[PDB]
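Novice: In the first instance, please consider these chains from the complex; the rest will follow:
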Amino acid sequence: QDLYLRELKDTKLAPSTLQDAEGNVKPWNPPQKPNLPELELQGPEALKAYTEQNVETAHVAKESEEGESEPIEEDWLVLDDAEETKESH
């Protein structure tokens, strides 16, 4: 149909100008290529953790806590304390 074919033409070659050709758009002043492709590509990381989300900051798992291998001082006091607690058993 002419109304279909003409619509397809005006909506395809112009769609070519918008997307399929890097001619941006004459009717609209700011091209989306200088707006979306790189800066708004940081919009994904603007919503994400910037230079940190894609990066995934290095955080190595640490060691758990222990008694510093100290039986010279902790063992005797622990024994006395446990025996004192045993006085009401």
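Specialist: Noted; the coordinates are in hand. Numbering: from 1, shown residues only, chains lettered A, B, ... in the order given.

Novice: what about residue A:25, neighbour count?
Specialist: Burial of residue A:25 is recorded as 13 neighbouring residues (other Cβ atoms under 10 Å). The way it works is simple: take the backbone N, C-alpha and C, and place the C-beta from them, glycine included.

Novice: what's next to the helix or strand that contains residue A:80, contact-wise?
Specialist: Using DSSP states H and E, residue A:80 sits within helix A:74-85. Applying Cβ atoms under 8 Å, 6 or more residues apart in numbering, the contact partners of helix A:74-85 are residue A:67.

Novice: extra chain here, label it chain B:
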Amino acid sequence: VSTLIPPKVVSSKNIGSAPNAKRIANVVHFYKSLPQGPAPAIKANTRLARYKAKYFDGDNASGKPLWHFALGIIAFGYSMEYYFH
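Specialist: Okay, here's chain B dropped in alongside the others:
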């Protein structure tokens, strides 16, 4: 804090210091006890002891055990009056 030995502290003190003292008195009391009423030593007889272990013995402990003294003293005193009066 971390692992320990809450039960193993029975080393530093045995359970029941007062029960331990009571049981230590019990050991000395029961051990140093006769097997079955041992060491009786009842019989005795030497001049007067033949009367002591017989007449002062608690098998009877009736009234005649003292009355033997009265009868004997009366025997002595009758002769005392005979030699005196």
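
Novice: The contacts of helix A:74-85 again please, this time with chain B.
Specialist: Residues from elsewhere that reach helix A:74-85 (Cβ atoms under 8 Å, 6 or more residues apart in numbering or on different chains): A:67, B:4, B:5, B:6, B:8, B:9, B:10, B:11, B:12, B:13.

Novice: Can you give the distance from that helix to the centre of its chain?
Specialist: 50 Å (Cα atoms, centre = their mean, to the nearest Å).

Novice: If we go by neighbour counts, what in that helix is buried?
Specialist: A:78, A:79, A:82, A:83 (16 or more other Cβ atoms under 10 Å in any protein chain shown).

Novice: Ok, stretch B:36-49 next?
Specialist: Buried, per 16+ other Cβ under 10 Å, within stretch B:36-49: nothing.

Novice: And the contacts of it?
Specialist: B:50, B:52, B:53, B:54, B:57.
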